[PDB]
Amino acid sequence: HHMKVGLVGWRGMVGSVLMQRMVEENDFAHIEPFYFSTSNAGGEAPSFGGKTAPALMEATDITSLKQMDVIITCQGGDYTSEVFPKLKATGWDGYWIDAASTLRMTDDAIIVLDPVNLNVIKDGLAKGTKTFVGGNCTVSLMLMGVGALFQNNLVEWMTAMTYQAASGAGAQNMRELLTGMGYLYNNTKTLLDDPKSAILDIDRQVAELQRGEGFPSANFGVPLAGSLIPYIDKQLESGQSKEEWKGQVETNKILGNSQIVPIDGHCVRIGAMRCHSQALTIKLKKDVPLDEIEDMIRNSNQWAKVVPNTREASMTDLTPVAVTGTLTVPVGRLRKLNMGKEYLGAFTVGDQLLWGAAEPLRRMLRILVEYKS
């Protein structure tokens, strides 16, 4: 018996990464897929991975959803907020796998990142937990890299200064970033094409372009191309942004910690497509040798990598260009810092759409399939 799996939000950005990865892993050999839609119910459904499906079903139709053993949705928080309470109200016994943050902090939900917390997931399955949610991209990517330090309870606290890509804000924000790159270059091309032009003239024109009415910044509100934005998501009364607030609460929930490990920092948007990078100050509980720290990271999971702390390796392997569209999570610049042997610096890069979004969800689906077979 293959589980009946309902796919919602398969068409969007996160959903399309999920579909691609499910095809790459032949995930459809092990399930019976049913495709749902909020806009095209009745239309022809995709045939990813060589499996046909009936016509698109209404994503908001509770009776249709109750037919599934598993719902995996990349549709969004507004969808989950409407549909999830109605579906659970029917007594529906199935599993809900969600990319949206809506249910992340509810008592009945487990945040999934199985290379780090498989034990939490399996303990939850045995307890009857039915709802499984991806974590925030910044937390998931950081834990894929240095989570072994937390699992071994070596971390007293951590600050994280991030370099976040436009993909976290959405497909249209990525397109805006690229369009702004073109706006800056194409309107300074006549100066740039002349070797004898003055750099200060080129620079003056770029600043005028960034500051002018013509710059395309509808989605970010301010320019990103050629700049950065040191604020992501809503303002909290504490002065934290909501993006920054997720660090401590989601990290400690993924790990199952009862004693909270403090995590804080600044989440800053930069002009990258879909890789988040993070500069970490990690206070350790003892003077752990650097080679043992590297071994713990290397051995923690398949995807974490240690980049040797050299100029050449850092430039080639520890960048968004090295990582984008891969599942690799490099950790580099690993060094004890000047203020003491217990201060560990680390710099890590991860793809936001994979480990930061779609990949923990398809891996949770395979865990379920194996669990229920």
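Note that residue numbering follows the sequence shown and begins at 1.
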request  = On mean C-alpha B-factor from the PDB entry, just flag whether 183-191 or 85-93 is the higher one.
outcome  = 85-93
query = Which is higher on average in the deposited entry, the C-alpha temperature factors of 335-343 or of 63-71?
reply = 63-71
remark   = From the entry's CA B-factor values, the highest among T348, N40, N309, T316 is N40
task = By the entry's C-alpha temperature factors, tell me which of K246, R298, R274, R104 sits highest.
result = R104
request  = Taking the chain's C-alpha temperature factors as the reference, tell me which third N26 falls into: lowest, middle or highest.
outcome  = middle
request  = Consider only the C-alpha atoms of the modelled residues in this chain, order them by B-factor as the entry records it, and name the third containing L280: lowest, middle or highest.
outcome  = lowest
query = Which third of the chain does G226 land in by C-alpha B-factor: lowest, middle or highest?
reply = lowest
query = With respect to C-alpha B-factor, does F220 fall in the lowest, middle or highest third of the chain as deposited?
reply = middle
request  = Please place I121 in the lowest, middle or highest third of its chain by C-alpha B factor as given in the entry.
outcome  = middle
